[PDB]
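Visitor: sharing an experimental structure here, sequence included.
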Amino acid sequence: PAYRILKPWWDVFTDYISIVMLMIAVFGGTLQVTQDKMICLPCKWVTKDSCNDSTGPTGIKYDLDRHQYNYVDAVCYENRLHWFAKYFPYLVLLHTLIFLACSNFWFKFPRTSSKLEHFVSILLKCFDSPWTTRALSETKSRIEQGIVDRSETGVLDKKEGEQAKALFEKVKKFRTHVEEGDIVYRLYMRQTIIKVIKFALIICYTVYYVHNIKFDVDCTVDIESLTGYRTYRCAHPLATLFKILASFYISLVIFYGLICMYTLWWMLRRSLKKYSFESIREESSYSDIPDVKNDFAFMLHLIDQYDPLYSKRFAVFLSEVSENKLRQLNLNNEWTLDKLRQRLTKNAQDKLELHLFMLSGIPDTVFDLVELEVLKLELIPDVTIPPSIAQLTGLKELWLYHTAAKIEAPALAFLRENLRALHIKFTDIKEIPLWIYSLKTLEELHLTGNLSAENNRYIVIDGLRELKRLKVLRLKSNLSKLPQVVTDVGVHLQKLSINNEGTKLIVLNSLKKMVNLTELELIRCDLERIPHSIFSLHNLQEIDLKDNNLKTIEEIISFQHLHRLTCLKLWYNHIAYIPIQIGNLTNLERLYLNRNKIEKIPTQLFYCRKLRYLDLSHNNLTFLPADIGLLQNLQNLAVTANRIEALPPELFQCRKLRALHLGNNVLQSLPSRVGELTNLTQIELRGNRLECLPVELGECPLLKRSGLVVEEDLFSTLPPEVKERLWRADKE
Amino acid sequence: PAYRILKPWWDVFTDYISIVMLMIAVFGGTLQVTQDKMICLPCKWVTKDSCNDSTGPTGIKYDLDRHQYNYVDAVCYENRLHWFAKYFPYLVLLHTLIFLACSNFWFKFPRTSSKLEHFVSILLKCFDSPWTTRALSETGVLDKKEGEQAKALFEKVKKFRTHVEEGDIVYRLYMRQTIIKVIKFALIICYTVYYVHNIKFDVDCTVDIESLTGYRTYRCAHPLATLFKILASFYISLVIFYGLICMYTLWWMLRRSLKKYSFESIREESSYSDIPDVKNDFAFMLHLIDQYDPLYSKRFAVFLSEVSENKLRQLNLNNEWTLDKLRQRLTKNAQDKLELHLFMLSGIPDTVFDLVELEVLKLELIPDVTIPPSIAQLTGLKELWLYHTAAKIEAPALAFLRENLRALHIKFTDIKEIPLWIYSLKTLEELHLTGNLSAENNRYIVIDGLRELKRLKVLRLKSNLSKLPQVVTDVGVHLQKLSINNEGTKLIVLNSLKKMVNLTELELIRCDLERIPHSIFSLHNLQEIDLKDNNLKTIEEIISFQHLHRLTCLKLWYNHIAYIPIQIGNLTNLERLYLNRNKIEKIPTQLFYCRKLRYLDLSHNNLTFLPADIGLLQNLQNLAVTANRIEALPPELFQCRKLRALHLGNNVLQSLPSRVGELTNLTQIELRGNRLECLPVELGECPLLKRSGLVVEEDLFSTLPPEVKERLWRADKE
């Protein structure tokens, strides 16, 4: 079968020399059995216990019948013929049989036969794998930007990829099962040593004894009482042929010994317990191929001796870069177009979103979508953006959550002319792609992750100057100081949102250069004090100082400079009181002050006649001044988690009030003037000292059962007409 | 095994000859084993150790018992019989064994066995390739799977040629084997024919044992001598034939220099000139196969070539894209033209050149493509887009394009991706360049041939220009429309544009001018000026636009413009004036002196009010003040009856004035996001306004009368 690849040439040679030696052994045996005789004639005159060897001549007479001659032949053949002449073929047969048993012991020893057959089968199926040919088929300024070189990959069938993956798993399991044993190498070493020592023995003693095969043998067999003679001279007819065969056999054994000594030299000097693969990975440039341990590098040295081709065809299949390539090619087939189409969702801005969580790479079937809007790559390793991304004409936002993604020049150009918003989340600078600064159409940047550096502070983001069309910028990076490059690029910024997640920040007179800024958020900057520089921004419209540990906010008087400021948010702080000067803030449309230490609402706050939103929940409020009816523009009001006990009737003067959040209060009785409010749509009642719902609550034109949040104990008190109408309206 | 094709005729003849020689060796060996004796009789009368040989006859009596005859036979046979008479069959057997070992040494030697088995494995399936028969019949429809098989077999052939040609081992073995065969044939003719005479029927032995038998010399008969002589003559005749064949093979192997294969007849007949001659150890296997059959070598050359590779790739691509599936992907572009988009293909499919209705072609990431001369089959084609596609062209196709190409969209990631033959055209009108082309000490050398465009009229240089190129200046003496987009890179002109007096439309988008240059005032024939996204804080320089007597449309949007200079009143000819995305806070009344105004868009600004003078612009058709702080609409807005669409969303509008129904021409109005309460009933008297043109929420649409809802839904239906 395939076992022919195991044997090197020095084993074929000893498989054929063994056959030839066995052939001559069989010939010698079948000659010595049916043909070998000894023709003996007595010597009449004996000199020194030896044959003297000293009318036409007449033949001598011995007066011996034929059977006497046969008997003396038998006796002299048994006694005075050297055993190496009689038993040469049997010795040759025995030595060749033990040579053969030494050469083929491991193939029949079941401890190593299973290992060898498994190895040869797996190497064969790794030689015929169509992935193996494909793997070898592939053979400053730009370099530092993370722009990878163009690379083009094909397709593999689903079944073919499954077979390749299964073969990879089987190869790894076999490698674990085999690299630990080290039984085959020991057996091969023992076999070679035994062959060498046996060659030494049977090339020494055979040459020692080969001189005893003589044609003429003198025997003194000491039988007079049977034949009457003392000594005989005999001819061994097959002595010369046996000598020739013995010389031929010792020549064959000499060649066998030379080849076995070559085998011992090759197996000893190399120290082949480890295979390096130093040629293939220096030729094809596939570094990730580990060196091999015991019991597996010898099985590969034998194969290399048979043919180096299988060594490459297995080393490539044993690499990990190939495994990553196969993983990509299987992942591409794994995700159908429709399965990713169904995976699409809707984001906050009502776009089509695809969130790839925990994938080995980007399934290149995503770039066959035309309707994708936001792509989110979270926890993807060292991925590279292919140039196929240009198919995504609708791509607008790219999210890089812990993915140091590289790109190619065409895809980089396409993003450079189409990308709008980029979301960056990282743990270190290396996870930030450095090619973002070539994106000259980006507008929104979301840098998440610490970036302040020691002795090289604020050097990575120096490319922000290149992003000319940057408008929005959100930084959540535990900043201890405003970076200079951000300050410089703020000259055309139209929004900022910093978030030090509790870290203290010092503006240190730097925010004044962002003359185009309109919205400014400083969340968890631990300011504890509004800097005056914020009031130097003559274009601001949205100021948020969430969780700055603010206590006194009387600086809001300077907000008089801002002549277009509408929305203000100082929620989630320790604001003890609302300063009266807020009444001067005429332009306000929304005001959020929840989650504060606020106790009372001063009346001056109701001079903001354009106010529309008022969120004063989770404070120390105990009542509501009657001026609430002045703000006829009000449409929302939340007083959740307060000590409000009686609702003032004037509250119901604002007819276009669309909501009321009366949760977690001490309201004893809900005023019946609620039916006055024609524009009420969502009113929350859970958490009050209420006992019955006034009927007028149920006559709101658009309020429905779902829109009414209340305990079922209170809802049970509604008139049945009200319950029926609310449920019927809710059902449609 | 399938190695039968690797044996030439002489190898089969030598195998048969060796089998016959082995057979006669076995026969002469068993005969020598079972019967070869000597029959000796002593000579009574001896003359000089020889037999003198000098009433019915009576037999002579030697007085020798049978065993003494056996002993003398053994002694004479051992000593006075020539070794060649005894050991002839064993020598024949040894010579045949070593001949067979020489013959089959390269098959059993693993180093050269692997190469032969791999070569025959590849060649058998190359002969079996379903594409070989088609290609050689052509000297068509094919399955995709068999195309992949053909591609894989091309890969295997390339790898095989890479591996094999380095070897030079099979040739060395097949040389040394024949050398050894020839020398051993010479030796075993030399010694044999010399020694063949020693086989004699009768011999005379003076074995000199008198003490045992009593005689001096004996005459013996060798019964097998005649038969052994016959077999010796037969064996030497066979050896002579063997040597003749071996010397013939040596001469044949030393005639043509088998280390190199010419490979010229097949390439000369089948028109595949891209077949380089194979190196050592690969010419030899082809030579042996040719000795068996040239057909396999011819069926292997098709895969060995390069033209066949490209043709197979083209056939695979053609099978990939059918004509009807190609038509299914045909679409229409924005410019009201028929366009075909090709993205990331190996080459240009040959099937695209049948849809003559195609007008615009786009090539996006299609590497190493040569434009066939068959594009003349497409005459309705008018635009070719080369998107990162460095495409080579042929003389007939280029000559055809020189008279059939008006617009050529070019996008390049590098200079060499720009075709050098684009300027060779002469009927071209529109050229779009998209890519950085700046260089240091070799600045703007790529577009030097731009002067050859004697017909160019439309240009668009989105090329990251830090300066206005000099070749553009030289060529602009005939241009009409110029578009420039620097992607935010500052543009430097500095008196390098005014040579272009034939211009009519000029666009400087994202050039970061920060200030209108005076040179534009030289362009007297200019009619449409755009300065989008130039960080323009003030636009006072437009006062100089009095020179331009046909300025109709002016756009200054996406800037930081603070105010509208009143001098804009002098620009009476303005028809469409875009100023959205600006820091403008108020509208001077002088802007209303331009009564010819038809489009006025002022969205995304700092506006708070609308002047009553807006009724003076009776020619106004579309007005947009979206995303502003406009409190209420003045009734003078409705003085301009021909208003067809208003954009009023994202504002602080409280209620809609009732004069809305007065404007019959009003076909659209946008009001989403405004603090609106109830729509006026006059919305029911709008003649051509429909639901699609009424951009408003359904919760406010509920306020509209059901008659108005009926009319709106009826208009929406038809």
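Guide: Looks like it arrived, so ask away. Numbers count the residues shown, from 1 in each chain, chains lettered A, B, ... in the order given.
Visitor: now do the same contact list for residue A:682.
Guide: The neighbours of residue A:682, taking CB atoms under 8 Å, 6 or more residues apart in numbering or on different chains as the test, are A:658, A:659, A:703, A:707, A:709. Any C-beta I mention is one placed from the backbone N, CA and C, and that applies to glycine too.
Visitor: same thing with residue A:514?
Guide: Residue A:514 makes contact with A:487, A:490, A:491, A:493, A:496, A:537 under the criterion CB under 8 Å, 6+ apart.
Visitor: can you check residue A:130 too?
Guide: Neighbour list for residue A:130: A:160, B:152 [criterion: CB under 8 Å, 6+ apart].
Visitor: quick check: it vs residue B:15, distance?
Guide: With distances taken as CB to CB, to the nearest Å, residue A:130 is found 38 Å from residue B:15.
Visitor: same question, residue A:686
Guide: Residue A:686 is 104 Å from residue B:15, where distance means CB to CB.
Visitor: assign a three-state SS to the residue of the stretch 401-550 of chain A found nearest chain B, would you?
Guide: Distance from chain B to each residue of the stretch 401-550 of chain A (CB to the nearest CB) is smallest for residue A:468, at 3.4 Å. In the three-state summary, residue A:468 is assigned as coil, counting by DSSP: H, G, I helix; E, B strand; the rest coil.
Visitor: OK, contacts around it?
Guide: Applying CB under 8 Å, 6+ apart as the definition, the contact partners of residue A:468 turn out to be A:440, A:492, B:487, B:488, B:510, B:512.
Visitor: out of these, give me the two with the largest separation.
Guide: A:492 and B:487 (15.1 Å; CB to CB).
Visitor: please report phi then psi for residue A:614.
Guide: Taking degrees, to the nearest 10, you get phi -150, psi 100 for the backbone angles of residue A:614.
Visitor: which ones are touching it?
Guide: By CB under 8 Å, 6+ apart, the contact set of residue A:614 is A:590, A:591, A:631, A:634, A:636, A:637, A:638.
Visitor: for the second one, pull up the helix or strand it's in.
Guide: With elements taken from DSSP states H and E, the one containing residue A:591 is strand A:590-592.
Visitor: tell me what that strand is packed against?
Guide: For strand A:590-592, the elements it packs on are strand A:567-569, strand A:613-615, judged by 3 or more CB pairs under 8 Å, 6 or more residues apart in numbering or on different chains; DSSP states H and E.
Visitor: which residues touch that strand?
Guide: With contacts defined as CB under 8 Å, 6+ apart, strand A:590-592 is touched by A:566-571, A:605, A:608, A:611-615.
Visitor: one more time with 6 Å, if that's ok
Guide: By CB atoms under 6 Å, 6 or more residues apart in numbering or on different chains, the list of residues contacting strand A:590-592 from outside reads A:567, A:568, A:569, A:571, A:613, A:614, A:615.
Visitor: pretty sure the third one sits against residue A:545.
Guide: Same thing as residue A:569. No - judged on CB atoms under 6 Å, residue A:569 makes no contact with residue A:545 at a distance of 7.3 Å.
Visitor: those two: who's more crowded?
Guide: A direct count of neighbours by other CB atoms under 10 Å in any protein chain shown for residue A:569 and residue A:545 places residue A:545 higher, at 25 against 19.
Visitor: give the contact list for that one.
Guide: Counted by CB under 6 Å, 6+ apart, residue A:545 has contacts A:522, A:570.
Visitor: okay, now residue A:58: neighbour count?
Guide: Other residues close to residue A:58 by other CB under 10 Å number 14.
Visitor: need phi/psi at it.
Guide: According to degrees, to the nearest 10, residue A:58 has phi -120, psi 150.
Visitor: list the contacts for it?
Guide: Neighbour list for residue A:58: residue B:63 [criterion: CB under 6 Å, 6+ apart].
Visitor: nearest to chain B among the contacts of strand A:590-592?
Guide: Closest approach between the contacts of strand A:590-592 and chain B, by CB to the nearest CB: residue A:613, at 12.8 Å.
Visitor: which residues does the closest one bridge with?
Guide: Using DSSP bridges, the beta-bridge partners of residue A:613 come out as residue A:590.
Visitor: outside of the helix or strand encompassing residue A:447 itself, list whatever touches it.
Guide: Of the helices and strands defined by DSSP H and E, residue A:447 is found in strand A:444-448. Strand A:444-448 is contacted from outside by A:421, A:422, A:423, A:424, A:425, A:472, A:473, A:474, A:475, A:476, using CB under 6 Å, 6+ apart.
Visitor: list phi and psi for the first one.
Guide: Listed backbone geometry of residue A:421 is phi -120, psi 130, with angles given as degrees, to the nearest 10.
Visitor: can you map out the helices along the stretch 201-350 of chain A?
Guide: Assigned by DSSP state H, counting those that start in this stretch, the stretch 201-350 of chain A shows helices spanning A:224-227, A:239-269, A:280-283, A:297-306, A:308-315, A:321-334, A:337-342.
Visitor: how about those in a markdown table, adding mean neighbour count?
Guide: Converted to a markdown table, these look like this (neighbours: other CB atoms under 10 Å in any protein chain shown):
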| stretch | mean neighbour count |
| --- | --- |
| helix A:224-227 | 11 |
| helix A:239-269 | 17 |
| helix A:280-283 | 14 |
| helix A:297-306 | 20 |
| helix A:308-315 | 20 |
| helix A:321-334 | 17 |
| helix A:337-342 | 12 |
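Visitor: quick one, which of the ones you listed is nearest to chain B?
Guide: Short answer: helix A:297-306, nearest of the helices of the stretch 201-350 of chain A by CB to the nearest CB, at 5.0 Å.
Visitor: and the closest one, what does it pack onto?
Guide: Under the contact criterion of 3 or more CB pairs under 6 Å, 6 or more residues apart in numbering or on different chains; DSSP states H and E, the helices and strands touching helix A:297-306 comprise an empty set.
Visitor: nearest to chain B: which residue in the stretch 301-450 of chain A?
Guide: Counting by CB to the nearest CB, the stretch 301-450 of chain A gets nearest chain B through residue A:307, at 3.9 Å.
Visitor: what's the local residue count around that residue?
Guide: Counted by other CB under 10 Å, the residues lying close to residue A:307 total 19.
Visitor: and it, its phi and psi?
Guide: Residue A:307 has phi and psi values of phi -170, psi 130 when expressed as degrees, to the nearest 10.
Visitor: residue contacts, it?
Guide: Going by CB under 6 Å, 6+ apart, the list of residues near residue A:307 reads residue B:114.
Visitor: got it, and residue A:131?
Guide: Residues near residue A:131 by CB under 6 Å, 6+ apart: residue A:164.
Visitor: that one: what secondary structure?
Guide: Under the three-state scheme (three-state DSSP), residue A:131 adopts helix.
Visitor: any idea what the residue in the stretch 101-250 of chain A that chain B sits nearest to is bridged to?
Guide: Of all residues in the stretch 101-250 of chain A, residue A:235 sits closest to chain B, at 4.2 Å by CB to the nearest CB. For residue A:235, the beta-bridge partners are residue A:39, residue A:216 (DSSP bridges).
Visitor: and it, how many neighbours?
Guide: If we define neighbours as other CB under 10 Å, then residue A:235 has 24 of them.
Visitor: could you do residue A:704 as well?
Guide: Other residues lying near residue A:704 total 17 when counted by other CB under 10 Å.
Visitor: for it, which non-adjacent residue is spatially closest?
Guide: Closest residue to residue A:704 apart from its sequence neighbours, by CB to CB, 6 or more residues apart in numbering or on different chains: residue A:730 at 4.2 Å.
Visitor: shouldn't the one you found be in contact with residue A:707?
Guide: No - counting by CB under 6 Å, residue A:730 sits too far from residue A:707 to count as a contact (7.7 Å).
Visitor: overlap in contacts of the two?
Guide: Shared between the contact lists of residue A:730 and residue A:707 (criterion: CB under 6 Å, 6+ apart) there are no residues.
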